[PDB]
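Read through the structure below, which is laid out as structure tokens, and then see the notes.
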Amino acid sequence: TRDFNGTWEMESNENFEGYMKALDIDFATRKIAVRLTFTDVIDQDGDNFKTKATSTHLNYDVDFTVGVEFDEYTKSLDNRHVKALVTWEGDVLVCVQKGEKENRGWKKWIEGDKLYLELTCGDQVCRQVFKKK
Amino acid sequence: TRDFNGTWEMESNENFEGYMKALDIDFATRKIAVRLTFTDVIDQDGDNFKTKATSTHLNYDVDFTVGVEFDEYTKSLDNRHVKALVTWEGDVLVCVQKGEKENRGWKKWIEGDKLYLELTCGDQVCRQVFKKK
Amino acid sequence: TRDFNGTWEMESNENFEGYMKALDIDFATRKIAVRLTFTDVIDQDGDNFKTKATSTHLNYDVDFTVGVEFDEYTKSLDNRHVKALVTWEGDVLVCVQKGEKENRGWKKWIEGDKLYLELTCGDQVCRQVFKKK
Ligand SMILES: [Zn+2]
Ligand SMILES: [Zn+2]
Ligand SMILES: [Zn+2]
Ligand SMILES: [Zn+2]
Ligand SMILES: [Zn+2]
Ligand SMILES: [Zn+2]
């Protein structure tokens with residue numbers, strides 16, 4: 001292959017932070033970079049190249065069955081390993097992320113058309129609310 | 001109901017940062033997330049769950065009426081309270097944000113196809129230009 | 001003109017970091033904001049304004065012809081001047097970036113299905129893979 005015409009969506013990206021530490025790129029910018037995924041747009045006429053690099057934030061997938069213990073690696077937040085276990089309490093999904101931080105977990109439940117999430121760690125409680133699309 | 005299937009768009013997020021500090025998440029990451037809105041995709045079959053979760057940069061709304069003060073809380077920037085007043089000067093919105101920073105305000109005007117915005121704080125001026133599409 | 005209705009997409013943004021320095025914005029937030037492009041949707045009629053400001057990550061453009069030296073201001077990364085050259089080698093675009101960092105450059109090619117990118121600085125490599133859409 002010698003022609004690249006099209007829009008290319010990135011699927012893998014290794015040692016990005018290593019490359020940037022080799023460029024002495026500062027730590028805040030690096031924490032930005034490692035959460036991004038790229039899609040480059042490339043048009044070629046002969047040896048002539050037009051390319052544009054585009055970003056958007058990385059997506060994060062947590063899969064589980066209720067009642068089955070599983071290892072979660074908490075990328076997207078604190079990058080810790082935890083034994084996550086999800087259970088029903090009424091119609092409220094309750095997960096406990098057993099591990100290094102005490103009293104760490106989250107509850108989730110639907111009321112009317114809205115989703116309700118409580119994320120807990122120690123003393124602290126974050127309360128989020130969602131609308132269905 | 002124990003059916004969580006669908007796409008759920010966040011609309012409220014209290015104490016995200018308390019939750020993140022309690023996980024000992026570094027300052028820069030705490031500043032990245034905090035500007036984000038979150039839409040969670042959930043595919044549930046009985047007790048089997050897949051969640052995909054996506055993040056976008058949070059929107060920032062300012063609505064005002066000219067010649068009447070209003071309360072700007074400068075999220076997306078410095079997180080300060082200011083009392084803003086937008087007056088006319090010919091066809092130029094001129095706004096002063098009384099508050100802590102002396103000589104803080106902005107100016108906004110249309111010149112043909114383009115919108116011009118000069119943001120001022122003390123000795124520093126930032127000039128932005130927007131094409132109408 | 002006194003009418004501002006429309007969606008306006010940013011095109012230029014000078015002294016943004018200076019304005020943010022005057023406002024005492026913490027370093028990480030500055031390093032985030034300076035990487036953004038903004039679109040303002042404005043709704044008017046009268047003196048009653050409704051503005052929604054939205055942000056996305058700024059694109060980063062690199063245009064060249066295979067063989068012609070060109071200066072790069074590595075804006076998306078370490079903010080450095082390099083003199084870049086891109087050559088064919090077989091079916092593989094081979095760019096070198098002469099400048100302050102030894103062994104800086106990248107290699108880019110397609111393997112039927114997918115696009116392959118390899119950035120090198122010093123002895124460090126970053127390896128990326130894109131699927132065509
Ligand atoms: Zn985005
Ligand atoms: Zn929100
Ligand atoms: Zn920092
Ligand atoms: Zn960011
Ligand atoms: Zn971001
Ligand atoms: Zn972002």
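Just the heavy atoms: all of them, side chains too, but no hydrogens, waters or symmetry mates, feed the values below. Residue numbering restarts at 1 for every chain, and letters A, B, ... go by the order of the sequence lines.
- Judged as a side-chain contact (heavy atoms from CB on, under 4.5 Å), and not counting sequence neighbours, B/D45 has no contacts.
- Legend: residues meeting side-chain contact (heavy atoms from CB on, under 4.5 Å) with A/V68, ordered by chain and number and at least two apart, are A/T65.
- In this structure C/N79 satisfies the side chain to side chain donor-acceptor pair (under 3.5 Å) test with no other residue, sequence neighbours excluded.
- With sequence neighbours left out, the salt bridge (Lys or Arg N to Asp or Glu O under 4.0 Å) criterion links B/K101 to C/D24.
- The other members of the hydrophobic cluster of A/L58, by chain and number, are A/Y60 (side-chain heavy atoms under 4.5 Å, ILVMFWY only).
- Scanning for side chain to side chain donor-acceptor pair (under 3.5 Å) contacts around C/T74 gives C/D78, with sequence neighbours left out.
- In terms of the side chain to side chain donor-acceptor pair (under 3.5 Å) criterion, residue partners of C/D26 (sequence neighbours excluded) are, by chain and number, C/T29.
- The side-chain hydrogen bond (donor to acceptor under 3.5 Å, both in side chains) pairs that include a residue from residues 31-40 of chain A are A/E17-A/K31, where partners are two or more places apart or lie in different chains.
- Every side chain to side chain donor-acceptor pair (under 3.5 Å) that C/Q124 has, sequence neighbours left out, goes to A/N15.
- Every salt bridge (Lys or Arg N to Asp or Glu O under 4.0 Å) that B/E9 has, sequence neighbours left out, goes to A/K131.
- The ring-ring contact (aromatic ring centres under 6.0 Å, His included) test applied to A/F38 returns A/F16, not counting sequence neighbours.
- Remark: A/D91 pairs with B/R2 by the side-chain contact (heavy atoms from CB on, under 4.5 Å) rule, at least two apart or across chains.
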